[PDB]
Amino acid sequence: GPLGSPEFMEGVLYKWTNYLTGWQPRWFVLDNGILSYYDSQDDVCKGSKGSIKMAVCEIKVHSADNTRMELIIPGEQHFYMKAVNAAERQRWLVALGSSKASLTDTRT
């Protein structure tokens, strides 16, 4: 994953809401082992209202290189994330996937 270059990642992901609404892009940034969500980029500066703690949350990454990844945090969870394309997904995989590999606390 992150090698030498600063381990920072930012962008949006597909988030499922309802069948009527379809899909809604939401803003996510990976920093310091925490994956935080915001309403927009400007909203980031206001201060996070909520975040996903990667050290306690699994980013589900297997092998198939494509946009589909899953975030599971026991209690809240049910976060499905999908990038623009598999390449974009790989960017998230660089920051997030490194967290998966030998992560803390009781997993699975």
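Looking at the entry header, you'll see solution NMR listed as the method.

Looking at the PDB entry, one finds the protein chain named Pleckstrin homology domain-containing family A member 3 and attributed to Homo sapiens.

(A) Highlighting the pattern of salt bridges. On inspection of all chains with the given rule, the structure shows six salt bridges. Measuring nitrogen to oxygen at the nearest pair gives 2.8 Å for the salt bridge that ties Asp-42 to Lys-46. Of this pair, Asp-42 and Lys-46 both sit in helix 1 (residues 41-46), separated by four residues, roughly a single helical turn. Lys-46 gets classed as exposed once you look at its relative accessible area, which sits at 52%. Via salt bridges that share partners, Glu-58, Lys-60 and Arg-107 belong to a single interconnected network.

(B) Quick look at unusual backbone geometry. In this structure, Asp-105 is a non-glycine residue whose phi angle is positive, near 65°. Its location among the elements puts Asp-105 in the segment after helix 2 (86-100).

(C) Up close: the sheet that holds strand 5 (residues 58-60). As summarised here, the arrangement of the three strands in space is 5-6-7, forming an open sheet in which the pairing is antiparallel. Two strands in the sheet have a free side with no partner beyond their single neighbour: strand 5 and strand 7 (79-82). Taking the axes of each pair of neighbouring strands and ignoring which way they run, one obtains an average angle of 25° across the sheet. The pairing of strand 5 with strand 6 (residues 68-72) spans three bridges and is antiparallel. Bridged to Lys-60 within strand 6 is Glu-70.

(D) Structural context of the nonpolar core. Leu-35, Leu-71, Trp-92 and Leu-96 are the most contacted members of the largest nonpolar core, which has 20 residues in total. Contributing elements (two or more residues each) for this core: strand 1 (9-16), strand 2 (23-31), strand 6, strand 7 and helix 2. Top element by residues in this core is helix 2. It accounts for four residues. When neighbours within four sequence positions are excluded, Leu-96 is seen to be in contact with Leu-30, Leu-35, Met-54, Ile-59 and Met-81.

(E) Looking closely at the layout of surface pockets. Taken as a whole, the largest pocket holds about 170 Å³ of empty space. Lining the largest pocket are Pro-2, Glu-7, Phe-8, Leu-30, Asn-32, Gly-33, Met-54, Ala-95, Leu-96, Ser-98 and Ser-99. Element by element, the count of residues in the lining of the largest pocket is highest for helix 2, at four residues. Split into classes, the residues belonging to the lining of the largest pocket amount to six nonpolar, four polar and one charged.

(F) Up close: the sheet that holds strand 3 (residues 34-38). A sheet is described by the order of its strands in space; here four strands give the open sequence 1-2-3-4, paired in antiparallel fashion. Both outer strands of the open sheet, strand 1 and strand 4 (51-53), are each paired with one neighbouring strand and no more. On average, each strand axis in the sheet is tilted by 30° relative to the strand beside it, whichever way the strands run. Where strand 2 lies against strand 3, five bridges are found, and the strand directions are antiparallel. Across the sheet, the residue bridging to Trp-27 is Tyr-38, located in strand 3. This element, helix 2, spans strand 1, strand 2 and strand 3 of the sheet and lies at about 105° to strand 1.

What counts and what doesn't
- Residues numbered from 1 in each chain as written, not as in the entry; some residues may be left out.
- Heavy atoms only, no water.
- Salt bridge = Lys/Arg side-chain N within 4 Å of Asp/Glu carboxyl O.
- Helix = DSSP H or I, 4+ residues; strand = E, 2+ residues; numbered from the N terminus.
- Buried < 20%, exposed > 50% of the residue type's maximum accessible area, 1.4 Å probe, protein only.
- Pairing = 2+ DSSP bridges.
- Axes fitted to C-alpha atoms, helices over the stretch in contact; angles between N-to-C directions.
- Core = buried A, V, L, I, M, F, W, Y, C linked by side-chain atoms within 4.5 Å.
- Contact = heavy atoms within 4.5 Å.
- 1 Å grid on protein atoms, 1.4 Å probe; cavity = no way out; pocket = protein on both sides within 12 Å on 5 of 7 lines; lining within 4 Å.
- Points joined across faces, edges and corners; volume = space filled by probe spheres on them.
- Nonpolar A, V, L, I, M, F, W, Y, C, P; charged D, E, K, R; others polar.

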